[PDB]
Amino acid sequence: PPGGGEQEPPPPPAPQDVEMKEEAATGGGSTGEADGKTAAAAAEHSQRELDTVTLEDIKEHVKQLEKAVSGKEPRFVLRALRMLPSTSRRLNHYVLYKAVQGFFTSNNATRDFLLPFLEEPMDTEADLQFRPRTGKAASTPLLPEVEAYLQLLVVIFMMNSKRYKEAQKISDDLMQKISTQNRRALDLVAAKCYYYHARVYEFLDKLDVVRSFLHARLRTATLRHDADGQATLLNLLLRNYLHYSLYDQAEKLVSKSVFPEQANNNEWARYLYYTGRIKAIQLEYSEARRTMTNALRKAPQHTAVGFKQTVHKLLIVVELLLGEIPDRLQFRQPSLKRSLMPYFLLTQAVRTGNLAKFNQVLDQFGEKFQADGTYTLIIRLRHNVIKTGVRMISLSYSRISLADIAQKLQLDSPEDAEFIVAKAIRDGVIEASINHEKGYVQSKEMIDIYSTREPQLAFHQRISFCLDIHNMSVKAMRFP
Amino acid sequence: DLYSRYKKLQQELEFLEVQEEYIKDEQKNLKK
Amino acid sequence: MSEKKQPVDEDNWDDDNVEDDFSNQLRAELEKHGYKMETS
Amino acid sequence: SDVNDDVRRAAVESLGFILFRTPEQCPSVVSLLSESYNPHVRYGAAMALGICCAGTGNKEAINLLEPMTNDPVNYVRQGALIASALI
Amino acid sequence: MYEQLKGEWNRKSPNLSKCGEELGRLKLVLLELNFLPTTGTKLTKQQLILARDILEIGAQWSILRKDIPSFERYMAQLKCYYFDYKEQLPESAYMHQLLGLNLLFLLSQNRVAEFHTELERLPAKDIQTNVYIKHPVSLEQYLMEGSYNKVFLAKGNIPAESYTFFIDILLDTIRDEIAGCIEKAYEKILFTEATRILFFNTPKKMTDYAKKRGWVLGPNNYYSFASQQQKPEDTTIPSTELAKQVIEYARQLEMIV
Amino acid sequence: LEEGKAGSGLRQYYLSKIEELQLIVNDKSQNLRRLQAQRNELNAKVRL
Amino acid sequence: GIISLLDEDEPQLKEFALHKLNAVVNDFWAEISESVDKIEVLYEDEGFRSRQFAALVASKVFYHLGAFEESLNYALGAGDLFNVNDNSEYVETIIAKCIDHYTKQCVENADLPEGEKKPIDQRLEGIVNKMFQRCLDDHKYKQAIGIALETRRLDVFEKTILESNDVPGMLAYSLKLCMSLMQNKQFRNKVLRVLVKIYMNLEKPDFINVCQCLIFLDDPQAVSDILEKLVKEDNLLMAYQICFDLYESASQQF
């Protein structure tokens, strides 16, 4: 009380007011945009949703006593908002419920009274007119309730708040959907609630009911219109299958599902990581590494997000598999710098033909290699080491004997030296030929590029692609 | 009022598909 | 902006190249020059 | 497409004879043709706006014809004054 | 109802009336109740014990009778039974033998894409123990390294049975690739090259390549047919398609008009 | 239900159909206003 | 699972497969695409009597893939199991494609009255009039009158306006729809000549709209017949009115 009690009056009063005016003016701005000019493509629905991800999760984490988050439910318990005097009667109440809470105390939450703070706010003459207002005011208690992590009759209060909000979501898409279109708001609320519906299960069990409900919501979607609804519901259906053992259900999912080319640079980073993980495991490597690259160079405007740490983590693993030497010292950035020691030590022994060190690196860091999720190297790196040595010789030399390469690769068998290079040419490691007479392994023809149409094939991929950059940039720029 | 609006949304669609056509056509001849 | 993941957190001019440290075998060039000459 | 100025007038003057039943399209198509480069297409757009909307207080056609009477070319001012008198 | 649980299985199975009686046994279990909800209630888990046991013996009968489309069929019935939402029904000892039969059959089909996408449901059952799963992933490791000799020295090394129908398809899927790797621009080699590239000291196997394919043994010399064609001269096929590629540029340097 | 069970039987045929007639007009309005102002750029060049 | 069962040839096992097909088809997605290929080739030889469930789940998977014609060819081929359903998110989309397939057929067949018409299934029109009875019983007849003009069918149009719902109002809502908006003139007279049917045999002489419609048509001799009847019944009140409207509206040669 002498030390921290003086710092108790300054935190409530001004952030209680300035946050409430922002969400009410935007909530009033969402109202006028819902009432007229529903073309809200560049409107404040996005930036307010960009606020609700960032600010409300890093500013407040508890229910904010002296009536800041706990006081919004007795503030919003008495709302009708139907007729123009009835709204102005409620507009009289908006000033009065803030003035009493701003002066004095009104109604306190003691972490148990969530049932009077969720039914009577849904009740007491509420309507269907202000649907994002009812959508946000039901989703705003979802953040501090999970973030408290107290676990004393809290899961069923989460479970009731989900099933209520999911019942409110069905009543919007089916009943009176004329010019409301809250899908830009209701998608991320569906994403954030399922994260909590998974993690709270993941404290205790699995999740199967969350996905059978997710197949139904995707079934009743996908027929109307695809505007980031089908995009975000796809990855939630795909992240769980990648979380468990099965890959076949994800494989048939990624097979036939066309895309709306509209996900606002937030799902494109995520999805191109998942399908790059899928094409890695069914051994389609060249298409995998380029779309693993495409997600990484998409949005580098993140500070230790973990995702940029993870898509970078798999990208150096797969470029070892193609023998395409992922950058031997460029991947120490100030962002990660610590998730490279199990991998800079890995690519060291992969580069040389050493195995006793490579077995030492693998056995020492095997606990790390299982935890992160890339323990699919155990079968795929013994192939890489034995093909790295024959690739280095075929790149350096031009005409080597089979006895000379068999002693160079510490193999001690000049009878399967023909077998290694036969598998090298069959797998496409190097283009060469073996003369089965006395051990002639010759290289290719004299390299001529500029005289056999090869600059045309590279340039034709460039012309048609960069005019497509132009045609996409023309059909985005003009607005009223 | 569920059928009278439905034809009006077509006529606003069909006029606008014409109104996007000739302005797009005019821009060729205006370059000449 | 979380993406539902986890974070864990010359020599210093932000330089290197592909090898730069790969060779360490005897790496002094007084011996490697000298051993080569005496084997002749 | 055509290059004679007379046929370009009689093309754009024919908008009023075909769209007089719906006055909600004649300001939508004249307003971008009444700012052309030659006076003839600006002229025939002005008379089409008057003969489309006969006796309705539009305030949009009157908005469109307000710079039409303020033009240096003499006869395109003439067609603005007649179309203002018709509306 | 409890009809021929363990008949002639421990010693021999020469009869085919067992197969139709098992088929009538496969009728009655599915006529009892469906395995589709599968929530709880250990009573209906008792008939899930019996239904998975009568198909594992049906899988052992199917591999014994030289039947390829059934061995994938009864395994798909079992693998869909291992796919349970609420997985229960404690550990049967025939499970680790059964996945080794499936994974080696999948390695024998020349399915390298399906081989690795199956290997996720076993957390630590690949390295520490479980030689039934360790033997194919050691074998697949041998095919990727390039040691044909290590493949066939381990061919006479099986935990339980002889793996007879699995190694013979494995013998089939290698030699045609070896025949596919030697049928090249090569003209002639002596018998000692087929002693090294191919195998044993004059069996009926070299007759099989002589009766099916060429490789005619004459005066101690084989003769593999070989030729090559020649085509740098055709500027004409990059004449038509390049003219298409140049116009579709100039088609698209305009036309958003 | 005289209106409740029938909201997804006969009225849903119209309300789920007008949305395509609503969004395409809303989408091509972005496209129509593109072509007009591009025409207003080149027409301002030729007159001057 | 079900793929293993459909590789055998007992109809008692076919019944237990289709029972699992239509149950979890929302979960079991295009993994079943190999099995449906075995459904389609075995659809040509029906053999057993459970081809309705086979045609049902064939539409269920082709909708999830996105095939719309083959979803409708097997919606019609299904039969009684397809017709009995009316409460699903699935059943409402495929009848919406069916009316769309029907109304683009009749407008196509409206251009050729002289022979060469396309053959019309009875099962597609089995759900057209079934939905019309749903439109009658719902008591919202604006829904009923909207499809009745988009179907290019006249006696279902006559049946709605003859019904005692809102006899002047719904009829005047129908005339305001046809007088204001119309593009094709081929059925314009056909809608016009069936309007003047209902004014004749309704209850009462109201000979102002028939003379209004016959000005819109070309009936010189049919106006002169009913004007003689107005004088014959000693009715010169509205006859004096209607000749001025005939003078004011129509100008010459009529």
# chains A, B, ... in the order shown; residues from 1 in each chain; ligands from 1
$ interface_residues --of "chain E" --to "chain A" --cutoff "9 Å" --atoms "only C-alpha atoms" --output "PDB file with C-alpha atoms, in the first residue's frame"
ATOM      1  CA  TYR E  85     -11.326 -41.946 -33.110  1.00  0.00           C
ATOM      2  CA  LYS E  86     -11.387 -43.041 -29.456  1.00  0.00           C
ATOM      3  CA  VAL E 112       8.753 -45.026 -52.364  1.00  0.00           C
ATOM      4  CA  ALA E 113       6.285 -42.162 -51.845  1.00  0.00           C
ATOM      5  CA  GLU E 114       3.936 -44.306 -49.769  1.00  0.00           C
ATOM      6  CA  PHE E 115       6.803 -45.937 -47.857  1.00  0.00           C
ATOM      7  CA  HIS E 116       7.830 -42.766 -46.046  1.00  0.00           C
ATOM      8  CA  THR E 117       4.357 -41.289 -45.516  1.00  0.00           C
ATOM      9  CA  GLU E 118       3.378 -44.357 -43.489  1.00  0.00           C
ATOM     10  CA  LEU E 119       6.347 -43.987 -41.132  1.00  0.00           C
ATOM     11  CA  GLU E 120       4.820 -41.435 -38.762  1.00  0.00           C
ATOM     12  CA  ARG E 121       2.531 -43.561 -36.589  1.00  0.00           C
ATOM     13  CA  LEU E 122       5.490 -45.254 -34.856  1.00  0.00           C
ATOM     14  CA  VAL E 137      13.952 -49.452 -42.951  1.00  0.00           C
ATOM     15  CA  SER E 138      17.357 -51.112 -42.813  1.00  0.00           C
ATOM     16  CA  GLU E 140      15.413 -49.280 -47.737  1.00  0.00           C
ATOM     17  CA  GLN E 141      18.551 -47.657 -46.321  1.00  0.00           C
ATOM     18  CA  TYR E 142      20.556 -50.288 -48.218  1.00  0.00           C
ATOM     19  CA  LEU E 143      18.844 -49.454 -51.524  1.00  0.00           C
ATOM     20  CA  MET E 144      19.541 -45.745 -51.083  1.00  0.00           C
ATOM     21  CA  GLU E 145      23.224 -46.188 -50.212  1.00  0.00           C
ATOM     22  CA  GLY E 146      23.847 -48.403 -53.221  1.00  0.00           C
ATOM     23  CA  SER E 147      24.946 -51.743 -51.778  1.00  0.00           C
ATOM     24  CA  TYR E 148      23.227 -54.522 -53.709  1.00  0.00           C
ATOM     25  CA  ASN E 149      25.399 -57.080 -51.900  1.00  0.00           C
ATOM     26  CA  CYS E 181      20.151 -50.068 -66.311  1.00  0.00           C
ATOM     27  CA  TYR E 186      26.371 -50.929 -74.734  1.00  0.00           C
ATOM     28  CA  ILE E 189      30.221 -57.885 -72.828  1.00  0.00           C
ATOM     29  CA  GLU E 193      30.315 -58.910 -66.664  1.00  0.00           C
ATOM     30  CA  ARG E 196      29.164 -59.105 -61.559  1.00  0.00           C
ATOM     31  CA  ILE E 197      26.223 -57.002 -62.808  1.00  0.00           C
ATOM     32  CA  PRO E 232      20.609 -30.814 -83.595  1.00  0.00           C
ATOM     33  CA  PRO E 238      11.572 -23.998 -82.408  1.00  0.00           C
ATOM     34  CA  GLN E 245       5.735 -17.257 -77.928  1.00  0.00           C
ATOM     35  CA  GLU E 248       1.688 -13.977 -77.205  1.00  0.00           C
ATOM     36  CA  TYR E 249       4.145 -11.463 -75.798  1.00  0.00           C
ATOM     37  CA  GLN E 252      -0.120  -9.100 -73.934  1.00  0.00           C
ATOM     38  CA  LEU E 253       1.917  -5.910 -74.269  1.00  0.00           C
ATOM     39  CA  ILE E 256      -6.307  -4.543 -71.197  1.00  0.00           C
TER      40      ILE E 256
END
$ atom_distance --atom1 "atom CA of residue 43 of chain F" --atom2 "atom CA of residue 36 of chain D"
6.8 Å
$ residues_around --residues "segment 2-8 of chain B" --least-positions-apart "2" --cutoff "12 Å" --atoms "only C-alpha atoms" --output "ChimeraX atom specification"
/A:178 /B:10-15 /F:10-22,25 /G:140-150,173-174,176-178,180-183
$ write_last_selection --atoms "C-alpha atoms" --output "compact mmCIF listing (two decimals), in the first residue's frame"
# COMPACT_ATOMS: atom_id res chain seq x y z
CA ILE A 178 -28.79 -9.17 -46.09
CA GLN B 10 -29.70 -8.24 -63.48
CA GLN B 11 -30.38 -4.99 -65.34
CA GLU B 12 -27.81 -3.18 -63.22
CA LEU B 13 -25.46 -6.05 -64.09
CA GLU B 14 -26.19 -5.99 -67.81
CA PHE B 15 -25.88 -2.22 -68.16
CA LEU F 10 -38.43 -21.54 -51.19
CA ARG F 11 -37.15 -18.17 -49.94
CA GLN F 12 -33.59 -19.47 -49.69
CA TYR F 13 -33.63 -19.94 -53.47
CA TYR F 14 -33.79 -16.15 -53.86
CA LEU F 15 -31.61 -14.92 -50.99
CA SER F 16 -28.76 -17.28 -51.84
CA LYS F 17 -29.04 -16.19 -55.49
CA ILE F 18 -29.09 -12.40 -55.09
CA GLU F 19 -25.72 -12.47 -53.30
CA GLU F 20 -23.94 -13.41 -56.53
CA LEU F 21 -25.96 -10.69 -58.24
CA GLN F 22 -24.87 -8.34 -55.45
CA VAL F 25 -21.87 -5.71 -59.32
CA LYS G 140 -46.22 -16.41 -49.86
CA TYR G 141 -47.36 -16.24 -53.48
CA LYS G 142 -44.78 -13.68 -54.59
CA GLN G 143 -42.33 -16.57 -54.33
CA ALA G 144 -44.74 -18.64 -56.44
CA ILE G 145 -45.26 -15.99 -59.10
CA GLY G 146 -41.52 -15.39 -59.54
CA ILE G 147 -40.70 -18.91 -60.71
CA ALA G 148 -43.97 -19.04 -62.67
CA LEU G 149 -42.68 -16.37 -65.05
CA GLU G 150 -39.12 -17.72 -65.19
CA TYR G 173 -48.30 -6.86 -58.96
CA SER G 174 -48.07 -9.28 -61.89
CA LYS G 176 -46.61 -4.09 -62.98
CA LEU G 177 -43.87 -6.72 -63.29
CA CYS G 178 -44.61 -7.35 -66.97
CA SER G 180 -42.25 -2.18 -66.40
CA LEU G 181 -39.56 -4.80 -67.06
CA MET G 182 -39.55 -6.98 -70.19
CA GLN G 183 -36.92 -7.82 -72.79
$ interface_residues --of "chain D" --to "chain B" --cutoff "12 Å" --atoms "only C-alpha atoms" --output "PDB file with N, CA, C and O atoms, in the first residue's frame"
ATOM      1  N   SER D   1     -15.745   4.896 -83.224  1.00  0.00           N
ATOM      2  CA  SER D   1     -14.844   4.470 -84.290  1.00  0.00           C
ATOM      3  C   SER D   1     -14.876   5.404 -85.492  1.00  0.00           C
ATOM      4  O   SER D   1     -13.848   5.587 -86.153  1.00  0.00           O
ATOM      5  N   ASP D   2     -16.021   6.010 -85.789  1.00  0.00           N
ATOM      6  CA  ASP D   2     -16.133   6.733 -87.044  1.00  0.00           C
ATOM      7  C   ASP D   2     -15.541   8.133 -86.908  1.00  0.00           C
ATOM      8  O   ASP D   2     -15.391   8.670 -85.808  1.00  0.00           O
ATOM      9  N   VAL D   3     -15.207   8.723 -88.056  1.00  0.00           N
ATOM     10  CA  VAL D   3     -14.417   9.945 -88.096  1.00  0.00           C
ATOM     11  C   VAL D   3     -15.210  11.178 -88.518  1.00  0.00           C
ATOM     12  O   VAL D   3     -14.771  12.300 -88.221  1.00  0.00           O
ATOM     13  N   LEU D  19     -33.364   5.413 -74.305  1.00  0.00           N
ATOM     14  CA  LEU D  19     -33.284   5.247 -72.859  1.00  0.00           C
ATOM     15  C   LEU D  19     -34.159   6.238 -72.107  1.00  0.00           C
ATOM     16  O   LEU D  19     -33.903   6.507 -70.930  1.00  0.00           O
ATOM     17  N   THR D  22     -36.110   4.832 -68.760  1.00  0.00           N
ATOM     18  CA  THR D  22     -35.366   4.791 -67.509  1.00  0.00           C
ATOM     19  C   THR D  22     -34.415   5.977 -67.402  1.00  0.00           C
ATOM     20  O   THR D  22     -33.366   6.001 -68.064  1.00  0.00           O
ATOM     21  N   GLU D  24     -32.407   6.683 -65.121  1.00  0.00           N
ATOM     22  CA  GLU D  24     -31.303   6.364 -64.233  1.00  0.00           C
ATOM     23  C   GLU D  24     -30.074   5.865 -64.977  1.00  0.00           C
ATOM     24  O   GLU D  24     -29.185   5.271 -64.358  1.00  0.00           O
ATOM     25  N   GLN D  25     -30.003   6.077 -66.288  1.00  0.00           N
ATOM     26  CA  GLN D  25     -28.863   5.586 -67.045  1.00  0.00           C
ATOM     27  C   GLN D  25     -28.307   6.694 -67.929  1.00  0.00           C
ATOM     28  O   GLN D  25     -27.110   6.710 -68.236  1.00  0.00           O
ATOM     29  N   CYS D  26     -29.174   7.627 -68.328  1.00  0.00           N
ATOM     30  CA  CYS D  26     -28.738   8.737 -69.171  1.00  0.00           C
ATOM     31  C   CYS D  26     -27.714   9.667 -68.516  1.00  0.00           C
ATOM     32  O   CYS D  26     -26.794  10.100 -69.231  1.00  0.00           O
ATOM     33  N   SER D  28     -25.560   8.479 -66.459  1.00  0.00           N
ATOM     34  CA  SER D  28     -24.406   7.614 -66.248  1.00  0.00           C
ATOM     35  C   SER D  28     -23.540   7.510 -67.494  1.00  0.00           C
ATOM     36  O   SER D  28     -22.344   7.222 -67.390  1.00  0.00           O
ATOM     37  N   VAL D  29     -24.117   7.732 -68.671  1.00  0.00           N
ATOM     38  CA  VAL D  29     -23.398   7.547 -69.923  1.00  0.00           C
ATOM     39  C   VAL D  29     -23.081   8.860 -70.627  1.00  0.00           C
ATOM     40  O   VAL D  29     -22.165   8.887 -71.462  1.00  0.00           O
ATOM     41  N   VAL D  30     -23.797   9.938 -70.328  1.00  0.00           N
ATOM     42  CA  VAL D  30     -23.480  11.225 -70.930  1.00  0.00           C
ATOM     43  C   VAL D  30     -22.301  11.871 -70.217  1.00  0.00           C
ATOM     44  O   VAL D  30     -21.417  12.452 -70.861  1.00  0.00           O
ATOM     45  N   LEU D  32     -19.571  10.933 -68.991  1.00  0.00           N
ATOM     46  CA  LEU D  32     -18.229  10.617 -69.435  1.00  0.00           C
ATOM     47  C   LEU D  32     -18.031  10.904 -70.917  1.00  0.00           C
ATOM     48  O   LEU D  32     -16.887  11.044 -71.360  1.00  0.00           O
ATOM     49  N   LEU D  33     -19.113  11.048 -71.681  1.00  0.00           N
ATOM     50  CA  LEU D  33     -19.005  11.442 -73.078  1.00  0.00           C
ATOM     51  C   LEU D  33     -19.068  12.945 -73.281  1.00  0.00           C
ATOM     52  O   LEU D  33     -18.631  13.430 -74.329  1.00  0.00           O
ATOM     53  N   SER D  36     -15.444  14.884 -73.856  1.00  0.00           N
ATOM     54  CA  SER D  36     -14.585  14.384 -74.912  1.00  0.00           C
ATOM     55  C   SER D  36     -13.706  15.509 -75.446  1.00  0.00           C
ATOM     56  O   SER D  36     -13.767  16.655 -74.993  1.00  0.00           O
ATOM     57  N   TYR D  37     -12.888  15.183 -76.446  1.00  0.00           N
ATOM     58  CA  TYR D  37     -11.974  16.182 -76.978  1.00  0.00           C
ATOM     59  C   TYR D  37     -12.657  17.078 -78.006  1.00  0.00           C
ATOM     60  O   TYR D  37     -12.453  18.296 -77.995  1.00  0.00           O
ATOM     61  N   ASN D  38     -13.505  16.500 -78.898  1.00  0.00           N
ATOM     62  CA  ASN D  38     -14.097  17.389 -79.885  1.00  0.00           C
ATOM     63  C   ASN D  38     -15.413  17.970 -79.378  1.00  0.00           C
ATOM     64  O   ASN D  38     -16.062  17.381 -78.509  1.00  0.00           O
TER      65      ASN D  38
END
$ closest_atom_pairs --of "chain G" --to "chain A" --cutoff "8 Å" --atoms "only C-alpha atoms" --output "Markdown table"
| residue | atom | partner | partner_atom | distance |
| --- | --- | --- | --- | --- |
| G:26 | CA | A:215 | CA | 6.7 |
| G:27 | CA | A:215 | CA | 6.7 |
| G:29 | CA | A:252 | CA | 7.9 |
| G:30 | CA | A:252 | CA | 6.4 |
| G:31 | CA | A:252 | CA | 6.4 |
| G:65 | CA | A:256 | CA | 7.4 |
| G:89 | CA | A:220 | CA | 6.6 |
$ write_last_selection --atoms "C-alpha atoms" --output "CSV table (one decimal), in the first residue's frame"
chain,number,residue,atom,x,y,z
G,26,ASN,CA,-19.2,-35.3,-44.8
G,27,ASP,CA,-16.0,-36.7,-43.2
G,29,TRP,CA,-14.0,-37.0,-48.6
G,30,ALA,CA,-12.3,-37.7,-52.0
G,31,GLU,CA,-10.4,-40.6,-50.6
G,65,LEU,CA,-15.6,-32.2,-55.7
G,89,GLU,CA,-28.0,-27.6,-46.7
$ atom_distance --atom1 "atom CA of residue 352 of chain A" --atom2 "atom CA of residue 22 of chain C"
8.9 Å
$ residues_around --residues "segment 13-15 of chain C" --least-positions-apart "4" --cutoff "10 Å" --atoms "only C-alpha atoms" --output "ChimeraX atom specification"
/A:329-330,332-333 /C:20
$ write_last_selection --atoms "N, CA and C atoms" --output "CSV table (one decimal), in the first residue's frame"
chain,number,residue,atom,x,y,z
A,329,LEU,N,27.5,-20.2,-44.5
A,329,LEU,CA,27.4,-19.2,-43.4
A,329,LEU,C,26.6,-18.0,-43.9
A,330,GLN,N,25.3,-18.0,-43.9
A,330,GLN,CA,24.5,-16.8,-44.1
A,330,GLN,C,23.3,-16.8,-43.2
A,332,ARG,N,23.0,-17.2,-40.0
A,332,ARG,CA,23.1,-16.6,-38.7
A,332,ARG,C,22.6,-15.1,-38.8
A,333,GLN,N,21.3,-14.9,-38.5
A,333,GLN,CA,20.7,-13.6,-38.4
A,333,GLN,C,20.6,-13.3,-36.9
C,20,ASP,N,35.6,-20.9,-45.5
C,20,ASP,CA,36.2,-20.1,-44.5
C,20,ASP,C,36.7,-20.7,-43.1
$ residues_around --residues "segment 172-176 of chain E" --least-positions-apart "3" --cutoff "10 Å" --atoms "only C-alpha atoms" --output "list in words"
residues 107, 108, 109, 110, 143, 148, 166, 167, 168, 169, 179, 180, 181, 182, 197 and 198 of chain E
$ interface_residues --of "chain E" --to "chain G" --cutoff "7 Å" --atoms "only C-alpha atoms" --output "PDB file with N, CA, C and O atoms, in the first residue's frame"
ATOM      1  N   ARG E  73      -6.450 -56.007 -49.242  1.00  0.00           N
ATOM      2  CA  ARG E  73      -7.838 -55.768 -48.872  1.00  0.00           C
ATOM      3  C   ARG E  73      -8.061 -56.020 -47.388  1.00  0.00           C
ATOM      4  O   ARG E  73      -8.672 -55.197 -46.696  1.00  0.00           O
ATOM      5  N   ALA E  76      -6.316 -53.341 -45.389  1.00  0.00           N
ATOM      6  CA  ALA E  76      -7.066 -52.091 -45.369  1.00  0.00           C
ATOM      7  C   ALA E  76      -8.262 -52.175 -44.435  1.00  0.00           C
ATOM      8  O   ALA E  76      -8.690 -51.155 -43.887  1.00  0.00           O
ATOM      9  N   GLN E  77      -8.813 -53.373 -44.241  1.00  0.00           N
ATOM     10  CA  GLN E  77      -9.835 -53.550 -43.218  1.00  0.00           C
ATOM     11  C   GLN E  77      -9.240 -53.400 -41.827  1.00  0.00           C
ATOM     12  O   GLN E  77      -9.857 -52.799 -40.941  1.00  0.00           O
ATOM     13  N   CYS E  80      -7.988 -49.608 -41.281  1.00  0.00           N
ATOM     14  CA  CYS E  80      -9.137 -48.794 -40.904  1.00  0.00           C
ATOM     15  C   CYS E  80      -9.662 -49.148 -39.518  1.00  0.00           C
ATOM     16  O   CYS E  80     -10.336 -48.319 -38.900  1.00  0.00           O
TER      17      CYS E  80
END
$ closest_atom_pairs --of "chain C" --to "chain A" --cutoff "8 Å" --atoms "only C-alpha atoms" --output "tab-separated table"
residue	atom	partner	partner_atom	distance
C:1	CA	A:54	CA	5.8
C:2	CA	A:305	CA	6.0
C:3	CA	A:307	CA	6.1
C:4	CA	A:307	CA	7.7
C:5	CA	A:306	CA	5.2
C:6	CA	A:306	CA	4.9
C:7	CA	A:306	CA	4.8
C:8	CA	A:338	CA	7.4
C:9	CA	A:338	CA	7.3
C:16	CA	A:329	CA	6.1
C:17	CA	A:329	CA	6.2
C:18	CA	A:328	CA	5.0
C:19	CA	A:328	CA	7.2
$ write_last_selection --atoms "C-alpha atoms" --output "PDB file, in the first residue's frame"
ATOM      1  CA  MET C   1       1.446 -10.723 -34.539  1.00  0.00           C
ATOM      2  CA  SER C   2       1.890 -14.280 -33.310  1.00  0.00           C
ATOM      3  CA  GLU C   3       1.674 -17.093 -35.858  1.00  0.00           C
ATOM      4  CA  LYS C   4       0.943 -19.815 -33.245  1.00  0.00           C
ATOM      5  CA  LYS C   5       4.601 -20.804 -32.794  1.00  0.00           C
ATOM      6  CA  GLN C   6       7.346 -20.475 -30.185  1.00  0.00           C
ATOM      7  CA  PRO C   7      10.588 -18.470 -29.939  1.00  0.00           C
ATOM      8  CA  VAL C   8      13.604 -19.863 -28.111  1.00  0.00           C
ATOM      9  CA  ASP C   9      15.369 -16.582 -27.309  1.00  0.00           C
ATOM     10  CA  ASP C  16      31.836 -15.199 -44.145  1.00  0.00           C
ATOM     11  CA  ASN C  17      31.864 -17.332 -47.260  1.00  0.00           C
ATOM     12  CA  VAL C  18      31.046 -20.945 -48.028  1.00  0.00           C
ATOM     13  CA  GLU C  19      34.147 -22.514 -46.557  1.00  0.00           C
TER      14      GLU C  19
END
$ residues_around --residues "segment 35-42 of chain F" --least-positions-apart "4" --cutoff "7 Å" --atoms "only C-alpha atoms" --output "list in words"
residues 23, 24 and 27 of chain B; 31 and 46 of chain F
$ write_last_selection --atoms "N, CA and C atoms" --output "compact mmCIF listing (two decimals), in the first residue's frame"
# COMPACT_ATOMS: atom_id res chain seq x y z
N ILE B 23 -16.16 1.99 -72.96
CA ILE B 23 -15.10 2.82 -72.40
C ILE B 23 -13.76 2.13 -72.56
N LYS B 24 -13.74 0.81 -72.37
CA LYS B 24 -12.58 0.01 -72.70
C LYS B 24 -12.31 0.01 -74.20
N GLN B 27 -10.82 3.65 -75.28
CA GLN B 27 -9.42 3.88 -74.94
C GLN B 27 -8.48 3.43 -76.05
N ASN F 31 -13.88 -2.56 -60.99
CA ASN F 31 -13.34 -2.68 -62.33
C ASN F 31 -13.86 -1.58 -63.25
N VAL F 46 -5.02 14.39 -74.52
CA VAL F 46 -5.29 14.69 -75.93
C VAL F 46 -5.87 16.09 -76.08
$ closest_residue --among "G:106, G:131, G:6, G:217" --to "chain F" --atoms "only C-alpha atoms"
G:131
$ decode --residues "segment 86-99 of chain E" --atoms "C-alpha atoms" --output "tab-separated table (two decimals), in the first residue's frame"
chain	number	residue	atom	x	y	z
E	86	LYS	CA	-11.39	-43.04	-29.46
E	87	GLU	CA	-8.54	-45.54	-29.63
E	88	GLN	CA	-8.81	-48.19	-26.92
E	89	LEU	CA	-8.69	-52.01	-27.15
E	90	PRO	CA	-5.28	-52.80	-25.59
E	91	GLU	CA	-2.12	-54.09	-27.14
E	92	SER	CA	-2.32	-57.13	-29.41
E	93	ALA	CA	1.06	-58.78	-29.99
E	94	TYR	CA	0.32	-59.39	-33.69
E	95	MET	CA	0.32	-55.64	-34.41
E	96	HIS	CA	4.06	-55.19	-34.89
E	97	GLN	CA	4.22	-58.27	-37.11
E	98	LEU	CA	1.30	-56.97	-39.17
E	99	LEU	CA	2.79	-53.56	-39.96
